[PDB]
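Have a look at the structure below, then the notes.
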Amino acid sequence: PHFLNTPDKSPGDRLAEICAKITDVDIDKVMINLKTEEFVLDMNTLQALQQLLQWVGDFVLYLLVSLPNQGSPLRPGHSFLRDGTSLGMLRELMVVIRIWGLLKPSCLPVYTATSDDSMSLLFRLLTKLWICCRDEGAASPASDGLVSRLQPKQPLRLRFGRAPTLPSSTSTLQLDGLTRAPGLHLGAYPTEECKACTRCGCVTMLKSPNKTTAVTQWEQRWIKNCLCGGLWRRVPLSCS
Amino acid sequence: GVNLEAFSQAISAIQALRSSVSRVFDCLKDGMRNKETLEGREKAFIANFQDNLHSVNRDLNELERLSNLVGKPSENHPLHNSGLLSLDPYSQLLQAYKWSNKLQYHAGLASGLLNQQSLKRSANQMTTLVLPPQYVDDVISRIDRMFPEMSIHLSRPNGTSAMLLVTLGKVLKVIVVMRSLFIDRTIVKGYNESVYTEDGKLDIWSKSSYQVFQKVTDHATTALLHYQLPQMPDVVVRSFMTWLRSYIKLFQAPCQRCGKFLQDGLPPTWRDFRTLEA
């Protein structure tokens, strides 16, 4: 709902939601098939795609390589994501970020090679697997073999937010006051610490002041408790 | 020549040429952890950049290189390859070619560390240390004369013992009259002051000089009395000859000025310097 567009027959997000009724490939077709003009909001939007939205791009990439891992010693392996509905929501996100990149060149490409529009082929494979799994579909079709090809564009080393727990089963758990015994993605995560870095335990791992100028949307949206954000903690950096 | 070994170092040089740039980007792999004292950390970056200048030095390293090329290319090494398929099952020999070298090189260390001996005793475990044959003297004489630009002569007019004389660039000849095997009781003079060819009637002794070479004679006597190893007399006389060779210049004057005394020399440490100071 972050679109300051011009009104129409129905709401912008509502009219975007019906994108499910569209063909398989060539998002560049369906985008103009629904609407193209009334999607731009302002010039100052060049802070989300190259900084934070890139995630979702990498996200779908992390699906591809993780697709042919059913033989791994984990039934869903890393994840399965075979719901379809949520997948359709992500596909809508893909088409809207595609028209976004059409409106501004600072989008999130494959960053590696074969630019002369990898995003198009990525999207078409995702829509293929979607329609192959929308209404009680199969899993691993012959298309699975061909999409399983590793294009020279996939990056790695993603956060996948998580936290430890308290596995005190039955008998005893003795700890000290300190020195524990074993047992927001807007960048803001270098190797060593560079600021106060107020973080949280659920998934957050973010910065305290957000170090931005007009991206206050996310910052203000997450100043309070985040997703189960009772674990908003703080800790200084190490010193030699 | 043997300058080819220098190229080996050049190898390591270009190795850094890789590592350097890596050390660059690794330094850019992360930012300021916690400076808290200064911003020289960024300069630290440029510090690594400075080492890149080393690469240019590599190009400079080629100025001293490329002395000259030797004739007969490939150095007779692949001549065996010119043989028919029958000769190819021969590389083994080449391997041994290195191996043998390693052998020597190993001994080069081993013998070196053999210097620290542990012979708690050397007697009561047995003979005739004096060389019986009067031919090993000629052998040692020839071995010494194998050295270039340093002539040696000998007549032995006294008897069984050995008598010899040696000359150098100057007229500072040395007369050594010693026993059968090891050198002892020698003397030195200069400018025909001895004239031990036909002095008076023969190779005379005359036990004299004009108070200049006397110190050198005493030092040579000390060196003879000190280098008397229990065995290997050839090694002893070779060491004596090498020691004698160190006076062929008499030019430098370190750790003092060239005015301390008449002269300056006492090199048992394989290096001469101002005398009367050790």
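Every residue, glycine as well, gets a Cβ built from its backbone with ideal geometry; the counts of neighbours run over all protein chains shown. Coordinate-derived values only; no laboratory data.
For residues that are of a type outside the set (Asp, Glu) and within 14 Å of chain B (Cβ to nearest Cβ), tally how many sit in the range A:157-193. Write out each step before concluding.
Within the range A:157-193, the first condition is being of a type outside the set (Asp, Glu), and the residues that meet it are A:157-175, A:177-191.
The next check asks that each one be within 14 Å of chain B (Cβ to nearest Cβ); those that pass are A:157, A:187-191.
Count: 6.
Count, please, the residues in the range A:184-201 that happen to be crowded, with 17+ Cβ neighbours inside 10 Å and in contact with a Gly (Cβ under 7 Å, 6 or more places away or on another chain).
2
Can you pull out every residue in the range B:168-192 that is hydroxyl-bearing (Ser, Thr, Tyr) and closer than 19 Å to B:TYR210 by Cβ?
B:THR186, B:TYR191, listed by residue number.
Could we say that A:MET89 is aliphatic (A, V, I, L, M) and under 22 Å from the mean Cα position of the chain (by Cα) here?
Values: aliphatic (A, V, I, L, M): yes; under 22 Å from the mean Cα position of the chain (by Cα): yes.
Judged against the criteria, A:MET89 is a match.
Going through A:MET119, A:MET205 one at a time, which residue ends up being closer than 30 Å to A:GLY71 by Cα, away from chain B (no Cβ under 14 Å) and touching a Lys or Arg at 6+ places or on another chain (Cβ under 9 Å)? Walk me through it before giving the result.
On the way: A:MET205 fails: closer than 30 Å to A:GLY71 by Cα.
Matching residue, one of A:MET119, A:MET205: A:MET119.
Using beta carbons and a limit of 8 Å, which pairs, at least six apart or on different chains, have the first residue in the range A:205-233 and under 20 Å from A:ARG159 (Cβ atoms) and the second one surrounded by 14 or more Cβ atoms within 10 Å (Cβ to Cβ) and of a type in the set (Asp, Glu)?
Short answer, once both residue conditions are applied: A:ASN210/A:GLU219; A:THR212/A:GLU219.
When you go through B:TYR191, B:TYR196 one by one, which is the residue that is closer than 25 Å to B:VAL136 by Cβ and hydroxyl-bearing (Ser, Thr, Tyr)? Give the derivation first.
Values: B:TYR191 fails: closer than 25 Å to B:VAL136 by Cβ.
So the residue among B:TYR191, B:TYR196 that is closer than 25 Å to B:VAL136 by Cβ and hydroxyl-bearing (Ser, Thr, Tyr) is B:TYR196.
Which count do you get for residues in the range A:97-117 that are of a type in the set (A, V, I, L, M, F, W, C) and surrounded by fewer than 12 Cβ atoms within 10 Å (Cβ to Cβ)?
Residues flagged as of a type in the set (A, V, I, L, M, F, W, C) and surrounded by fewer than 12 Cβ atoms within 10 Å (Cβ to Cβ) within the range A:97-117 amount to 1.
Could you list, in sequence order, the residues of the range B:1-21 that are surrounded by fewer than 11 Cβ atoms within 10 Å (Cβ to Cβ) and closer than 30 Å to A:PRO190 by Cβ?
Hit for the range B:1-21 is B:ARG18, nothing else.
Can you say whether A:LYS224 is away from chain B (no Cβ under 14 Å), among the charged types (D, E, K, R) and within 27 Å of A:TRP55 (Cα to Cα), as far as the supplied structure shows?
Spelling it out, A:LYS224 is indeed away from chain B (no Cβ under 14 Å), among the charged types (D, E, K, R) and within 27 Å of A:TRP55 (Cα to Cα).
Somewhere in the range A:78-91, is a residue surrounded by 13 or more Cβ atoms within 10 Å (Cβ to Cβ), among the aromatic types (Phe, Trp, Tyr) and assigned to a helix (DSSP H, G or I)?
No: zero hits.
The rows are residues; the columns are (1) within 14 Å of chain A (Cβ to nearest Cβ); (2) part of a helix (DSSP H, G or I).
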position	(1), (2)
B:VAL2	no, no
B:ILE14	no, yes
B:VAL24	no, yes
B:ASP30	yes, no
B:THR37	yes, no
B:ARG58	no, yes
B:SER67	no, no
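Residues to consider are A:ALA214, A:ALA196; find the one that is within 14 Å of chain B (Cβ to nearest Cβ) and assigned to a loop (DSSP other than H, G, I, E, B).
Working: A:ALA214 fails: within 14 Å of chain B (Cβ to nearest Cβ).
The conditions single out A:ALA196.
How many residues are out of contact with any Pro (no Cβ under 7 Å at 6 or more places or on another chain) and either surrounded by 13 or more Cβ atoms within 10 Å (Cβ to Cβ) or closer than 29 Å to A:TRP100 by Cα (or both) when one looks only at the range A:118-139?
Quick first cut of the range A:118-139, residues out of contact with any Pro (no Cβ under 7 Å at 6 or more places or on another chain) only: A:120-131, A:133-139.
Of the ones still in play, those that are also either surrounded by 13 or more Cβ atoms within 10 Å (Cβ to Cβ) or closer than 29 Å to A:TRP100 by Cα (or both) are A:120-131, A:133-134, A:137.
So the count comes out to 15.
In the range B:39-52, which residues are more than 12 Å from chain A (Cβ to nearest Cβ), charged (D, E, K, R) and in a helix (DSSP H, G or I)?
Residues of the range B:39-52 that are more than 12 Å from chain A (Cβ to nearest Cβ), as a first pass: B:39-40, B:42-52.
Retained after the next criterion (residues that are charged (D, E, K, R)): B:39, B:42-43, B:51.
Matches in the range B:39-52: B:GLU42, B:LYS43, B:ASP51.
Just the residues that are outside any helix (DSSP H, G or I) and not small (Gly, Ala, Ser), please, taken from the range B:224-248. Spell out how you get there, then give the answer.
Our first condition is that a residue be outside any helix (DSSP H, G or I); within the range B:224-248, this holds for B:227-232, B:246-248.
Answer for the range B:224-248, where residues must be outside any helix (DSSP H, G or I) and not small (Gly, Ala, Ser): B:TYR227, B:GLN228, B:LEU229, B:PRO230, B:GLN231, B:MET232, B:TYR247, B:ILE248.
Those residues that are in contact with a helix residue (DSSP H, G or I) (Cβ under 6 Å, 6 or more places away or on another chain) and under 15 Å from B:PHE213 (Cβ atoms), I need them from the range B:145-167; list them, please.
Passing the criteria: none in range.
If you go through the range A:135-164 one residue at a time, how many are over 30 Å from A:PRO209 (Cβ atoms) and in a loop (DSSP other than H, G, I, E, B)? First the steps, then the outcome.
Within the range A:135-164, the subset over 30 Å from A:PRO209 (Cβ atoms) is A:135-154.
Now restrict to residues that are in a loop (DSSP other than H, G, I, E, B): A:135-142, A:148-154.
Counting residues in the range A:135-164 that are over 30 Å from A:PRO209 (Cβ atoms) and in a loop (DSSP other than H, G, I, E, B) gives 15.
Within the range B:69-106, count every residue that is part of a helix (DSSP H, G or I) and more than 19 Å from B:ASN3 (Cβ to Cβ). Reasoning before the result, please.
The first filter runs over the range B:69-106 and keeps only residues part of a helix (DSSP H, G or I), leaving B:73-76, B:80-82, B:85-87, B:91-106.
From what is left, the residues that are more than 19 Å from B:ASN3 (Cβ to Cβ) are B:76, B:80-82, B:85-87, B:91-100, B:102-106.
Looking only at that region, the number is 22.
All but one of (1) over 15 Å from B:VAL237 (Cβ atoms); (2) surrounded by 14 or more Cβ atoms within 10 Å (Cβ to Cβ); (3) among the charged types (D, E, K, R) hold for B:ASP144; state the number of the condition that does not hold.
Result: B:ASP144 fails condition (1) only.
Go through (1) surrounded by 13 or more Cβ atoms within 10 Å (Cβ to Cβ); (2) closer than 18 Å to B:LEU224 by Cβ; (3) not acidic (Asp, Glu) one by one and return the number of the condition B:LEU129 breaks.
Among (1) surrounded by 13 or more Cβ atoms within 10 Å (Cβ to Cβ); (2) closer than 18 Å to B:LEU224 by Cβ; (3) not acidic (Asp, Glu), B:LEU129 violates only (1).
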